[PDB]
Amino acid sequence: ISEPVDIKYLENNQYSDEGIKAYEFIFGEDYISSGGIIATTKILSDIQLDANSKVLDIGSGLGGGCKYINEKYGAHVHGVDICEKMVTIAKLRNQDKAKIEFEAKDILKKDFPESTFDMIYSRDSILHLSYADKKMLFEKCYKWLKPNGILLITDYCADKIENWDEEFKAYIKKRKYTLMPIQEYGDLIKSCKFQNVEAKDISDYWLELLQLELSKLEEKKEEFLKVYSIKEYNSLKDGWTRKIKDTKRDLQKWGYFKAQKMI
């Protein structure tokens, strides 16, 4: 590992208990990333799997994606997340599902046998890894996939650094994200031998999601304050305000990546 993820920093900041619950409010139950179940439905709309398939979710969070994939396809699903408190919640909320497993571990410390998974799936999680660690992860993913297996990712991406301003640099620093442009990210995946690579800019869709997420939040302000704090309310509102502004100027981007292991 080049740059270990700062687990304690994450737990104390972006993924505080209060922060996680605030994300669930804005995205919907079981989700802490863009679009919640809405985006998940769209992202998986072309994917075909069955009850005998095996899927890895890298950065499984509270388990929404795993629940969805298992519900839609009946697949065996294995979610990995570095954050143990999340994994604990994911387990507690999915005790009914024999084909869903969650594991608390840094994905970079996981080893899976060659040809384990029909699909490797990751939603806004790889942004936590340094460039070198992204590359190491993609090389592992290539090994872990079955022949013809699919890698399917959404992730935050960015413009070149010379166009970053102080407020954007501050956000990146606060989040400990490592972002890069979409086509560079696609190139990294290609360099690991993946074929049929698609590296697509879905920022227009991202903006659609952000706008409705924010308007619903503001409509429900008084309700939010009954259960959660004004601090978390303003954190969400200001955070979405800046994401909307920064995607409109092409600074913060949403990338979609699909690739296939071909022998």
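Note that residue numbering begins at 1 and tracks the sequence as displayed.
For the pair 229-237 and 47-55, the mean Cα B-factor is higher in 229-237. Between 26-34 and 219-227, it is 219-227 that carries the larger average Cα temperature factor according to the deposited entry. The PDB entry assigns the greatest CA B-factor among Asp165, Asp155, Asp81, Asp118 to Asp165.
Residues shown: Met180, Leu137, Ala98, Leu188. Highest C-alpha temperature factor in the entry: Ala98. Ranked by Cα temperature factor within the chain, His128 sits in the lowest third according to the deposited record. Annotation for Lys193: C-alpha temperature factor in the lowest third relative to the rest of the modelled chain, per the entry. For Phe112, the recorded CA B-factor ranks within the highest third of the chain. Only modelled residues enter the ranking.
Sorting the modelled residues of the chain by their CA temperature factor places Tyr9 in the highest third. Annotation for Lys91: C-alpha temperature factor in the highest third relative to the rest of the modelled chain, per the entry.
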